[PDB]
Amino acid sequence: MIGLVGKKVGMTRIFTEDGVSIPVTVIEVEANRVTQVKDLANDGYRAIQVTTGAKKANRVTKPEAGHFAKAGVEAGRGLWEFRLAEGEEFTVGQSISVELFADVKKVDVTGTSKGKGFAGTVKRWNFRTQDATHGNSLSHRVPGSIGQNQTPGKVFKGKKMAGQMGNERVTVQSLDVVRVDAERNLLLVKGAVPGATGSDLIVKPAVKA
Amino acid sequence: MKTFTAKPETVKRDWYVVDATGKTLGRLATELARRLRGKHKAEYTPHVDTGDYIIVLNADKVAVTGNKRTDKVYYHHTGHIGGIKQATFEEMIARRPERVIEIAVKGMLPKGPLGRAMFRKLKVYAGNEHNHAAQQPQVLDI
Amino acid sequence: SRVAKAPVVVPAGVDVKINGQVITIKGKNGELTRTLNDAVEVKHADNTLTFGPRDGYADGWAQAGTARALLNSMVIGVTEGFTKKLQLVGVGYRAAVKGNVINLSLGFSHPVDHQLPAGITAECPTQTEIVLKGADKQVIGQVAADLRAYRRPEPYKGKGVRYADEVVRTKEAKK
Amino acid sequence: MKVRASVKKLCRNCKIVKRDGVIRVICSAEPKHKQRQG
RNA sequence: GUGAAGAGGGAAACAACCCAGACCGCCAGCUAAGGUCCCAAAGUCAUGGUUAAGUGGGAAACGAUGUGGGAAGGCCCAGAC
RNA sequence: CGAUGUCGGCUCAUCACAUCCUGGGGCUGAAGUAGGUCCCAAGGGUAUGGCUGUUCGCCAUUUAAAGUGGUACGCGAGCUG
RNA sequence: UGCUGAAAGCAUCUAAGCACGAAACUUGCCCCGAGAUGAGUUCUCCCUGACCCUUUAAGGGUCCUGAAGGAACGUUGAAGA
Ligand SMILES: [Mg+2]
Ligand SMILES: [Mg+2]
Ligand SMILES: [Mg+2]
Ligand SMILES: [Mg+2]
Ligand SMILES: [Mg+2]
Ligand SMILES: [Mg+2]
Ligand SMILES: [Mg+2]
Ligand SMILES: [Mg+2]
Ligand SMILES: [Mg+2]
Ligand SMILES: [Mg+2]
Ligand SMILES: [Mg+2]
Ligand SMILES: [Mg+2]
Ligand SMILES: [Mg+2]
Ligand SMILES: [Mg+2]
Ligand SMILES: [Mg+2]
Ligand SMILES: [Mg+2]
Ligand SMILES: [Mg+2]
Ligand SMILES: [Mg+2]
Ligand SMILES: [Mg+2]
Ligand SMILES: [Mg+2]
Ligand SMILES: [Mg+2]
Ligand SMILES: [Mg+2]
Ligand SMILES: [Mg+2]
Ligand SMILES: [Mg+2]
Ligand SMILES: [Mg+2]
Ligand SMILES: [Mg+2]
Ligand SMILES: [Mg+2]
Ligand SMILES: [Mg+2]
Ligand SMILES: [Mg+2]
Ligand SMILES: [Mg+2]
Ligand SMILES: [Mg+2]
Ligand SMILES: [Zn+2]
């Protein structure tokens, strides 16, 4: 089954009658509108290409606006693409609402994580700091040793070192969907999804069930 | 005088279609590498690619002798430290059957830029068909 | 060899179709089909099938004798059928039949259901007894081995699924 | 299963069979007699 | 005996091993060890066998109805196994 | 020997399998539970403290288990001393 | 672990044929990923002028033209050395 493209509005809590506070992540899901249907005869696979949101008319380019004009649909802020299962099809100018998740129970939310910048191995790879006293010379947060002596004159591939942390695609699996509010285009999932506030989210039904 | 050398502009190359059904792998591959090298031509020159383009079809129906179908092992290494990998013959046939012919010929070709240019002329296909009817290829029986 | 030299006489009501190395034998209990080894030369002498080593092959008489005892069993399967009996030893152990799904109750926490293959028909006279009939000998023996495999018989009390004819060598728990 | 370099018949009911390149002793009488050359 | 103080060809590479002792030049021929499917020069040569283990292409005591060949023996159409 | 920093700890590790746990089996002098032994299996996992410079070891209390080794007895142009 | 089954009139899981079988293996889950030079696919957008040259060819030059788009600059960011 396909997913929908939303946006992280923020987090809040749903007080049940029983006295339980459910930490939820509000995901507004506007009308995803299809722009292209891909198939086996032309594209080798079955998928749809959707768009959501709006865009400035002076900023949407002539190739992109011609691509939306062929589908006959308003330009959105992006283009995403969802693989189709069998027995599942959609038309081109079709709009897809959040009622698709009306009877799902768990979703997988894919987002782009927050940018931690250039991070050290303590933060990134959870390395232990060395001793803050007892003689330590300028070596409190360094990674320590990185190899062995002459046997493989070389550091191995994938050695855990410092570098860019975050700002990348991650997927949180098996999030309990709490509420599907079709009237104001919302989706409340239990827990914390990746991404900052106002960033794009991809909500798909859970594959692991 | 001086010994003739072939020239890459004046050299002519031809197209051949080989059906690989039932043929032995290495005994096919050394004739393929002979005709990609150009050692069947009197204008052979070691530093010049004078061989012919060869299309090999029915690559999944190539035959090996013995128990090599279940016992021949294709090792490779991913670069990473545990990264030794391993696939048998019938696993390579199920997964990507073109690699078996490609590996045997690449092992029988010269090593270098010219041997890689000779390998670029080998065009293998698992099926019984090809998109290269435009080059009017002749059949070759090996 | 000594098995392969003795020809197999096809009876009446047994239809034989020769096709290369493939032999289809029909009858009043079903049809059976088997491709022989290429080392085997088979021919029908109007009342018997004969089985000879085709030349240029190492296991000549070995493959011929295997193809002999096979088509003998295929003939008996298509004119009489085979019947394998199983019995259940143990308290609370039982069996029930639903068409081609034996519903075993072998002292587990879950019900045991076994789907029967195509040409195999089963029947429980008693709850602690299974009688299965069919054409192919390899299939009735495989199904009986599979049904035995759920409760292989314990050597201390003989408890579990056994063949109705096998002997169960017991053992006393010493101290 | 005894696994040895030297496998032998231990009783009258032992039978030496070569299954898949491995010498194996099987005994219908005693299950202790079943062996496997390795 | 070679190296040291000796190059060349082969043994993958490999001072001391195998063949063989470099005056110079040649886009000439024959050969040595070693080789002749391709990398990589030359037999997918011929005839007759053996092996099924990739043995070849690493190893012992010991173990085994693997298989090929040879010579002999004791039961046996009074009927063997 | 016109210099290859040699114990132990710390920090990063990585490979082998002669497997400690977990997984699959065979035999048991295997009633069950719990075990003994051998075979397959290296995917992941695999204590904290007292003493002592210690590795080790003993001891205390845990844990499914507290593996055996290689790596310049891994790692001082990474720390300590 | 078996089934059928000879070789070896029996027997036999194997030689022909068939079935089951583990945290290992390949998948399934997540991420990068066409510099995958074997450089792939789909969709959309843009440009539809005149002439000279000699060594005439994937040739060189003049004038007109300057598209889609991009870059630069600026305001900046839960992006960032
Ligand atoms: Mg940031
Ligand atoms: Mg610390
Ligand atoms: Mg200092
Ligand atoms: Mg400090
Ligand atoms: Mg190196
Ligand atoms: Mg070379
Ligand atoms: Mg010399
Ligand atoms: Mg040399
Ligand atoms: Mg020499
Ligand atoms: Mg050598
Ligand atoms: Mg000569
Ligand atoms: Mg010679
Ligand atoms: Mg040659
Ligand atoms: Mg020194
Ligand atoms: Mg020095
Ligand atoms: Mg055990
Ligand atoms: Mg082992
Ligand atoms: Mg481990
Ligand atoms: Mg795995
Ligand atoms: Mg301690
Ligand atoms: Mg104290
Ligand atoms: Mg190591
Ligand atoms: Mg050591
Ligand atoms: Mg050390
Ligand atoms: Mg160092
Ligand atoms: Mg140190
Ligand atoms: Mg250094
Ligand atoms: Mg059998
Ligand atoms: Mg039999
Ligand atoms: Mg299976
Ligand atoms: Mg687990
Ligand atoms: Zn025995």
# chains A, B, ... in the order shown; residues from 1 in each chain; ligands from 1
$ residues_near_ligand --ligand "ligand 11" --cutoff "12 Å" --atoms "only C-alpha atoms (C1' of nucleotides) and all ligand atoms" --output "VMD selection string"
chain E and resid 29 to 32 41 to 42
$ residues_near_ligand --ligand "ligand 7" --cutoff "9 Å" --atoms "only C-alpha atoms (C1' of nucleotides) and all ligand atoms" --output "MDAnalysis selection string"
chainID E and resid 3 6:8 15
$ write_last_selection --atoms "C-alpha atoms (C1' of nucleotides)" --output "PDB file, in the first residue's frame"
ATOM      1  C1'   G E   3      77.134 -17.586  -6.251  1.00  0.00           C
ATOM      2  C1'   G E   6      78.292 -14.414 -13.966  1.00  0.00           C
ATOM      3  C1'   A E   7      74.397 -11.720 -17.322  1.00  0.00           C
ATOM      4  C1'   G E   8      70.603 -14.891 -20.431  1.00  0.00           C
ATOM      5  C1'   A E  15      71.996 -14.785  -5.000  1.00  0.00           C
TER       6        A E  15
END
$ residues_near_ligand --ligand "ligand 24" --cutoff "7 Å" --atoms "only C-alpha atoms (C1' of nucleotides) and all ligand atoms" --output "list in words"
residues 72, 73 and 74 of chain F
$ interface_residues --of "chain F" --to "chain D" --cutoff "9 Å" --atoms "only C-alpha atoms (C1' of nucleotides)" --output "PDB file with N, CA and C atoms (P, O5', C5', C4', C3', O3' and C1' of nucleotides), in the first residue's frame"
ATOM      1  P     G F  26      18.193 -36.415  16.600  1.00  0.00           P
ATOM      2  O5'   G F  26      19.381 -37.438  16.860  1.00  0.00           O
ATOM      3  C5'   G F  26      20.069 -38.020  15.765  1.00  0.00           C
ATOM      4  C4'   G F  26      21.372 -38.660  16.169  1.00  0.00           C
ATOM      5  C3'   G F  26      21.345 -39.533  17.407  1.00  0.00           C
ATOM      6  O3'   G F  26      20.776 -40.803  17.182  1.00  0.00           O
ATOM      7  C1'   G F  26      23.276 -38.192  17.413  1.00  0.00           C
ATOM      8  P     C F  27      19.950 -41.530  18.345  1.00  0.00           P
ATOM      9  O5'   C F  27      21.053 -41.946  19.413  1.00  0.00           O
ATOM     10  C5'   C F  27      21.965 -42.992  19.128  1.00  0.00           C
ATOM     11  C4'   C F  27      23.092 -43.068  20.129  1.00  0.00           C
ATOM     12  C3'   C F  27      22.673 -43.326  21.561  1.00  0.00           C
ATOM     13  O3'   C F  27      22.371 -44.673  21.833  1.00  0.00           O
ATOM     14  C1'   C F  27      24.276 -41.619  21.533  1.00  0.00           C
ATOM     15  P     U F  28      21.180 -45.015  22.843  1.00  0.00           P
ATOM     16  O5'   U F  28      21.732 -44.473  24.232  1.00  0.00           O
ATOM     17  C5'   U F  28      22.769 -45.163  24.901  1.00  0.00           C
ATOM     18  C4'   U F  28      23.369 -44.358  26.025  1.00  0.00           C
ATOM     19  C3'   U F  28      22.517 -44.180  27.265  1.00  0.00           C
ATOM     20  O3'   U F  28      22.571 -45.300  28.124  1.00  0.00           O
ATOM     21  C1'   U F  28      23.500 -42.116  26.671  1.00  0.00           C
ATOM     22  P     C F  38      33.537 -34.229  24.078  1.00  0.00           P
ATOM     23  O5'   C F  38      33.153 -34.379  22.542  1.00  0.00           O
ATOM     24  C5'   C F  38      33.612 -35.483  21.782  1.00  0.00           C
ATOM     25  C4'   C F  38      32.642 -35.891  20.698  1.00  0.00           C
ATOM     26  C3'   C F  38      32.409 -34.851  19.621  1.00  0.00           C
ATOM     27  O3'   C F  38      33.431 -34.784  18.657  1.00  0.00           O
ATOM     28  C1'   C F  38      30.358 -35.829  20.230  1.00  0.00           C
ATOM     29  P     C F  39      33.707 -33.402  17.898  1.00  0.00           P
ATOM     30  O5'   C F  39      32.506 -33.263  16.862  1.00  0.00           O
ATOM     31  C5'   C F  39      32.372 -34.188  15.802  1.00  0.00           C
ATOM     32  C4'   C F  39      31.073 -34.046  15.047  1.00  0.00           C
ATOM     33  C3'   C F  39      30.816 -32.691  14.420  1.00  0.00           C
ATOM     34  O3'   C F  39      31.546 -32.465  13.238  1.00  0.00           O
ATOM     35  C1'   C F  39      28.846 -33.472  15.423  1.00  0.00           C
TER      36        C F  39
END
$ residues_around --residues "residue 13 in chain D" --least-positions-apart "4" --cutoff "7 Å" --atoms "only C-alpha atoms (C1' of nucleotides)" --output "short mmCIF file (atom, residue, chain, number, x, y, z; two decimals) with N, CA and C atoms, in the first residue's frame"
data_model
loop_
_atom_site.label_atom_id
_atom_site.label_comp_id
_atom_site.auth_asym_id
_atom_site.auth_seq_id
_atom_site.Cartn_x
_atom_site.Cartn_y
_atom_site.Cartn_z
N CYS D 27 23.86 -50.09 12.51
CA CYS D 27 23.52 -51.34 13.16
C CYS D 27 22.04 -51.35 13.47
N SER D 28 21.36 -52.40 13.03
CA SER D 28 19.96 -52.56 13.36
C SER D 28 19.78 -52.98 14.81
N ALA D 29 20.77 -53.66 15.38
CA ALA D 29 20.64 -54.17 16.73
C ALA D 29 20.93 -53.08 17.75
#
$ closest_atom_pairs --of "range 31-89 of chain C" --to "range 16-24 of chain G" --cutoff "9 Å" --atoms "only C-alpha atoms (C1' of nucleotides)" --output "CSV"
residue,atom,partner,partner_atom,distance
C:36,CA,G:16,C1',8.3
C:37,CA,G:16,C1',6.4
C:62,CA,G:16,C1',8.8
C:63,CA,G:16,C1',6.4
C:66,CA,G:16,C1',7.8
C:67,CA,G:16,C1',8.8
$ residues_around --residues "range 26-28 of chain G" --least-positions-apart "5" --cutoff "10 Å" --atoms "only C-alpha atoms (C1' of nucleotides)" --output "PyMOL selection string"
chain B and resi 87+91+95
$ select_by_dssp --residues "chain D" --states "strand (DSSP E)" --output "JSON, numbers by chain"
{"D": [2, 3, 4, 14, 15, 16, 17, 18, 19, 22, 23, 24, 25, 26, 27, 35, 36, 37]}
$ interface_residues --of "chain G" --to "chain A" --cutoff "9 Å" --atoms "only C-alpha atoms (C1' of nucleotides)" --output "MDAnalysis selection string"
chainID G and resid 29:31 41:45 68:69 78:81
$ residues_around --residues "range 155-167 of chain C" --least-positions-apart "6" --cutoff "6 Å" --atoms "only C-alpha atoms (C1' of nucleotides)" --output "PyMOL selection string"
chain C and resi 85-90+148
$ write_last_selection --atoms "N, CA, C and O atoms" --output "mmCIF file, in the first residue's frame"
data_model
loop_
_atom_site.group_PDB
_atom_site.id
_atom_site.type_symbol
_atom_site.label_atom_id
_atom_site.label_comp_id
_atom_site.auth_asym_id
_atom_site.auth_seq_id
_atom_site.Cartn_x
_atom_site.Cartn_y
_atom_site.Cartn_z
ATOM 1 N N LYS C 85 -0.374 -49.034 6.997
ATOM 2 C CA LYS C 85 -1.087 -48.925 8.256
ATOM 3 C C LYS C 85 -0.191 -48.303 9.315
ATOM 4 O O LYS C 85 0.987 -48.651 9.430
ATOM 5 N N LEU C 86 -0.757 -47.388 10.087
ATOM 6 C CA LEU C 86 -0.089 -46.744 11.202
ATOM 7 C C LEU C 86 -0.964 -46.926 12.426
ATOM 8 O O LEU C 86 -2.192 -46.917 12.327
ATOM 9 N N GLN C 87 -0.342 -47.082 13.583
ATOM 10 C CA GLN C 87 -1.100 -47.098 14.816
ATOM 11 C C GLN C 87 -0.520 -46.080 15.777
ATOM 12 O O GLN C 87 0.654 -45.718 15.699
ATOM 13 N N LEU C 88 -1.364 -45.633 16.700
ATOM 14 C CA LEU C 88 -0.991 -44.625 17.677
ATOM 15 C C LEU C 88 -0.963 -45.257 19.055
ATOM 16 O O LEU C 88 -1.966 -45.823 19.500
ATOM 17 N N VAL C 89 0.170 -45.155 19.728
ATOM 18 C CA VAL C 89 0.322 -45.670 21.077
ATOM 19 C C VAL C 89 0.496 -44.489 22.012
ATOM 20 O O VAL C 89 1.430 -43.694 21.850
ATOM 21 N N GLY C 90 -0.396 -44.364 22.976
ATOM 22 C CA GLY C 90 -0.328 -43.290 23.947
ATOM 23 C C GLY C 90 -1.676 -42.765 24.384
ATOM 24 O O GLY C 90 -2.655 -42.780 23.637
ATOM 25 N N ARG C 148 4.724 -40.191 11.074
ATOM 26 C CA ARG C 148 5.499 -40.751 12.175
ATOM 27 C C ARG C 148 6.410 -39.702 12.793
ATOM 28 O O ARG C 148 6.760 -39.786 13.985
#
$ closest_residue --among "C:58, C:135, C:173, C:40" --to "chain E" --atoms "only C-alpha atoms (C1' of nucleotides)"
C:58
$ residues_near_ligand --ligand "ligand 29" --cutoff "9 Å" --atoms "only C-alpha atoms (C1' of nucleotides) and all ligand atoms" --output "PyMOL selection string"
(chain C and resi 66+69) or (chain G and resi 4-6+10-12)
$ write_last_selection --atoms "N, CA, C and O atoms (P, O5', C5', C4', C3', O3' and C1' of nucleotides)" --output "PDB file, in the first residue's frame"
ATOM      1  N   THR C  66      16.925 -50.939 -11.140  1.00  0.00           N
ATOM      2  CA  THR C  66      16.093 -49.940 -10.488  1.00  0.00           C
ATOM      3  C   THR C  66      14.855 -49.611 -11.311  1.00  0.00           C
ATOM      4  O   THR C  66      13.746 -49.552 -10.765  1.00  0.00           O
ATOM      5  N   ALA C  69      12.359 -52.569 -10.759  1.00  0.00           N
ATOM      6  CA  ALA C  69      11.581 -52.678  -9.543  1.00  0.00           C
ATOM      7  C   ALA C  69      10.642 -51.492  -9.431  1.00  0.00           C
ATOM      8  O   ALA C  69       9.536 -51.627  -8.887  1.00  0.00           O
TER       9      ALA C  69
ATOM     10  P     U G   4       9.908 -47.055   1.875  1.00  0.00           P
ATOM     11  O5'   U G   4      10.260 -47.158   0.335  1.00  0.00           O
ATOM     12  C5'   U G   4       9.214 -47.158  -0.611  1.00  0.00           C
ATOM     13  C4'   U G   4       9.688 -46.784  -1.988  1.00  0.00           C
ATOM     14  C3'   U G   4      10.676 -47.737  -2.623  1.00  0.00           C
ATOM     15  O3'   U G   4      10.084 -48.917  -3.120  1.00  0.00           O
ATOM     16  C1'   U G   4      11.417 -45.539  -2.944  1.00  0.00           C
ATOM     17  P     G G   5      10.863 -50.304  -2.933  1.00  0.00           P
ATOM     18  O5'   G G   5      12.222 -50.052  -3.709  1.00  0.00           O
ATOM     19  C5'   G G   5      12.251 -50.080  -5.124  1.00  0.00           C
ATOM     20  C4'   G G   5      13.605 -49.691  -5.646  1.00  0.00           C
ATOM     21  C3'   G G   5      14.753 -50.613  -5.286  1.00  0.00           C
ATOM     22  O3'   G G   5      14.810 -51.812  -6.031  1.00  0.00           O
ATOM     23  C1'   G G   5      15.395 -48.403  -4.877  1.00  0.00           C
ATOM     24  P     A G   6      14.993 -53.207  -5.255  1.00  0.00           P
ATOM     25  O5'   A G   6      15.804 -54.122  -6.274  1.00  0.00           O
ATOM     26  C5'   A G   6      17.211 -54.264  -6.149  1.00  0.00           C
ATOM     27  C4'   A G   6      17.931 -53.466  -7.201  1.00  0.00           C
ATOM     28  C3'   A G   6      19.402 -53.782  -7.411  1.00  0.00           C
ATOM     29  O3'   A G   6      19.630 -54.890  -8.257  1.00  0.00           O
ATOM     30  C1'   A G   6      19.122 -51.451  -7.225  1.00  0.00           C
ATOM     31  P     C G  10      16.285 -58.228  -4.333  1.00  0.00           P
ATOM     32  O5'   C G  10      16.377 -58.433  -2.755  1.00  0.00           O
ATOM     33  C5'   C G  10      15.529 -59.361  -2.101  1.00  0.00           C
ATOM     34  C4'   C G  10      16.030 -59.738  -0.727  1.00  0.00           C
ATOM     35  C3'   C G  10      16.204 -58.587   0.252  1.00  0.00           C
ATOM     36  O3'   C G  10      15.019 -58.172   0.895  1.00  0.00           O
ATOM     37  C1'   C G  10      18.096 -59.972   0.348  1.00  0.00           C
ATOM     38  P     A G  11      14.672 -56.611   1.029  1.00  0.00           P
ATOM     39  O5'   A G  11      15.910 -56.058   1.862  1.00  0.00           O
ATOM     40  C5'   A G  11      16.069 -56.342   3.244  1.00  0.00           C
ATOM     41  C4'   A G  11      17.458 -55.965   3.706  1.00  0.00           C
ATOM     42  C3'   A G  11      17.787 -54.480   3.672  1.00  0.00           C
ATOM     43  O3'   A G  11      17.374 -53.790   4.834  1.00  0.00           O
ATOM     44  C1'   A G  11      19.516 -55.686   2.626  1.00  0.00           C
ATOM     45  P     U G  12      16.720 -52.332   4.734  1.00  0.00           P
ATOM     46  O5'   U G  12      17.879 -51.401   4.169  1.00  0.00           O
ATOM     47  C5'   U G  12      19.021 -51.069   4.939  1.00  0.00           C
ATOM     48  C4'   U G  12      20.054 -50.381   4.084  1.00  0.00           C
ATOM     49  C3'   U G  12      19.550 -49.137   3.375  1.00  0.00           C
ATOM     50  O3'   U G  12      19.545 -47.980   4.194  1.00  0.00           O
ATOM     51  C1'   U G  12      20.692 -50.508   1.833  1.00  0.00           C
TER      52        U G  12
END
$ residues_around --residues "residue 123 in chain B" --least-positions-apart "5" --cutoff "10 Å" --atoms "only C-alpha atoms (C1' of nucleotides)" --output "PDB file with N, CA, C and O atoms (P, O5', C5', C4', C3', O3' and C1' of nucleotides), in the first residue's frame"
ATOM      1  N   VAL B  17      27.299 -13.972 -33.792  1.00  0.00           N
ATOM      2  CA  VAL B  17      26.345 -14.451 -32.810  1.00  0.00           C
ATOM      3  C   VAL B  17      26.678 -15.891 -32.476  1.00  0.00           C
ATOM      4  O   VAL B  17      26.780 -16.741 -33.371  1.00  0.00           O
ATOM      5  N   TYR B  53      33.334  -8.117 -32.682  1.00  0.00           N
ATOM      6  CA  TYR B  53      32.226  -8.050 -31.746  1.00  0.00           C
ATOM      7  C   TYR B  53      31.486  -9.376 -31.711  1.00  0.00           C
ATOM      8  O   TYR B  53      31.149  -9.940 -32.757  1.00  0.00           O
ATOM      9  N   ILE B  54      31.225  -9.872 -30.510  1.00  0.00           N
ATOM     10  CA  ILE B  54      30.601 -11.172 -30.326  1.00  0.00           C
ATOM     11  C   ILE B  54      29.424 -11.032 -29.379  1.00  0.00           C
ATOM     12  O   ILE B  54      29.572 -10.530 -28.261  1.00  0.00           O
ATOM     13  N   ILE B  55      28.265 -11.470 -29.837  1.00  0.00           N
ATOM     14  CA  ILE B  55      27.047 -11.550 -29.055  1.00  0.00           C
ATOM     15  C   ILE B  55      26.867 -12.997 -28.639  1.00  0.00           C
ATOM     16  O   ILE B  55      26.771 -13.881 -29.492  1.00  0.00           O
ATOM     17  N   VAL B  56      26.765 -13.235 -27.339  1.00  0.00           N
ATOM     18  CA  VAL B  56      26.572 -14.566 -26.783  1.00  0.00           C
ATOM     19  C   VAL B  56      25.186 -14.640 -26.182  1.00  0.00           C
ATOM     20  O   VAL B  56      24.853 -13.864 -25.280  1.00  0.00           O
ATOM     21  N   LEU B  57      24.386 -15.581 -26.665  1.00  0.00           N
ATOM     22  CA  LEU B  57      23.051 -15.757 -26.137  1.00  0.00           C
ATOM     23  C   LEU B  57      22.855 -17.140 -25.547  1.00  0.00           C
ATOM     24  O   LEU B  57      23.678 -18.044 -25.702  1.00  0.00           O
ATOM     25  N   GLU B  98      24.918 -13.681 -16.622  1.00  0.00           N
ATOM     26  CA  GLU B  98      25.870 -13.125 -17.574  1.00  0.00           C
ATOM     27  C   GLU B  98      27.274 -13.045 -16.998  1.00  0.00           C
ATOM     28  O   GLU B  98      28.262 -13.088 -17.749  1.00  0.00           O
ATOM     29  N   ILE B 101      30.045 -16.012 -17.939  1.00  0.00           N
ATOM     30  CA  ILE B 101      30.752 -15.795 -19.196  1.00  0.00           C
ATOM     31  C   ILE B 101      31.648 -14.578 -19.109  1.00  0.00           C
ATOM     32  O   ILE B 101      32.788 -14.588 -19.599  1.00  0.00           O
ATOM     33  N   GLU B 102      31.190 -13.539 -18.420  1.00  0.00           N
ATOM     34  CA  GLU B 102      31.989 -12.328 -18.379  1.00  0.00           C
ATOM     35  C   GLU B 102      33.257 -12.546 -17.576  1.00  0.00           C
ATOM     36  O   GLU B 102      34.333 -12.091 -17.968  1.00  0.00           O
ATOM     37  N   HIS B 130      18.380 -10.460 -29.040  1.00  0.00           N
ATOM     38  CA  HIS B 130      19.230  -9.299 -28.869  1.00  0.00           C
ATOM     39  C   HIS B 130      18.695  -8.151 -29.704  1.00  0.00           C
ATOM     40  O   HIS B 130      17.970  -8.348 -30.682  1.00  0.00           O
ATOM     41  N   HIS B 132      20.533  -6.147 -31.443  1.00  0.00           N
ATOM     42  CA  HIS B 132      21.605  -5.762 -32.352  1.00  0.00           C
ATOM     43  C   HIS B 132      21.405  -6.340 -33.744  1.00  0.00           C
ATOM     44  O   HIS B 132      22.366  -6.744 -34.400  1.00  0.00           O
TER      45      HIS B 132
ATOM     46  P     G G  38      32.817   1.087 -19.997  1.00  0.00           P
ATOM     47  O5'   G G  38      31.386   0.405 -19.922  1.00  0.00           O
ATOM     48  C5'   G G  38      30.408   0.689 -20.907  1.00  0.00           C
ATOM     49  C4'   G G  38      29.031   0.246 -20.480  1.00  0.00           C
ATOM     50  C3'   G G  38      28.411   1.026 -19.325  1.00  0.00           C
ATOM     51  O3'   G G  38      27.008   1.151 -19.529  1.00  0.00           O
ATOM     52  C1'   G G  38      28.589  -1.256 -18.742  1.00  0.00           C
TER      53        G G  38
END
$ interface_residues --of "chain E" --to "chain B" --cutoff "9 Å" --atoms "only C-alpha atoms (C1' of nucleotides)" --output "list in words"
residues 27, 37, 38, 39, 44, 52 and 54 of chain E
$ closest_residue --among "D:9, D:30, D:25, D:20" --to "chain C" --atoms "only C-alpha atoms"
D:30
$ atom_distance --atom1 "CA of residue 142 in chain B" --atom2 "CA of residue 127 in chain B"
18.4 Å
$ closest_atom_pairs --of "chain F" --to "chain A" --cutoff "8 Å" --atoms "only C-alpha atoms (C1' of nucleotides)" --output "Markdown table"
| residue | atom | partner | partner_atom | distance |
| --- | --- | --- | --- | --- |
| F:10 | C1' | A:130 | CA | 7.0 |
| F:11 | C1' | A:144 | CA | 4.6 |
| F:12 | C1' | A:145 | CA | 4.7 |
| F:13 | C1' | A:147 | CA | 6.9 |
| F:71 | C1' | A:151 | CA | 7.0 |
| F:72 | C1' | A:149 | CA | 6.2 |
| F:74 | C1' | A:148 | CA | 4.8 |
| F:75 | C1' | A:148 | CA | 5.5 |
| F:78 | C1' | A:144 | CA | 4.5 |
| F:79 | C1' | A:136 | CA | 5.8 |
| F:80 | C1' | A:135 | CA | 6.4 |
$ write_last_selection --atoms "C-alpha atoms (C1' of nucleotides)" --output "PDB file, in the first residue's frame"
ATOM      1  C1'   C F  10      42.771   3.245  29.317  1.00  0.00           C
ATOM      2  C1'   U F  11      40.511   4.315  24.462  1.00  0.00           C
ATOM      3  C1'   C F  12      39.271   2.275  19.744  1.00  0.00           C
ATOM      4  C1'   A F  13      39.039  -2.251  17.852  1.00  0.00           C
ATOM      5  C1'   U F  71      46.757  -9.172  15.687  1.00  0.00           C
ATOM      6  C1'   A F  72      55.186  -5.828  16.799  1.00  0.00           C
ATOM      7  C1'   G F  74      47.053  -5.161  18.564  1.00  0.00           C
ATOM      8  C1'   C F  75      47.025  -0.076  19.872  1.00  0.00           C
ATOM      9  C1'   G F  78      46.305   7.994  20.657  1.00  0.00           C
ATOM     10  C1'   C F  79      46.703   8.735  26.784  1.00  0.00           C
ATOM     11  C1'   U F  80      49.085   7.062  31.196  1.00  0.00           C
TER      12        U F  80
END
$ interface_residues --of "chain D" --to "chain E" --cutoff "10 Å" --atoms "only C-alpha atoms (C1' of nucleotides)" --output "list in words"
residues 4, 5, 6, 7, 8, 16, 17, 18, 21, 22, 23, 24 and 37 of chain D
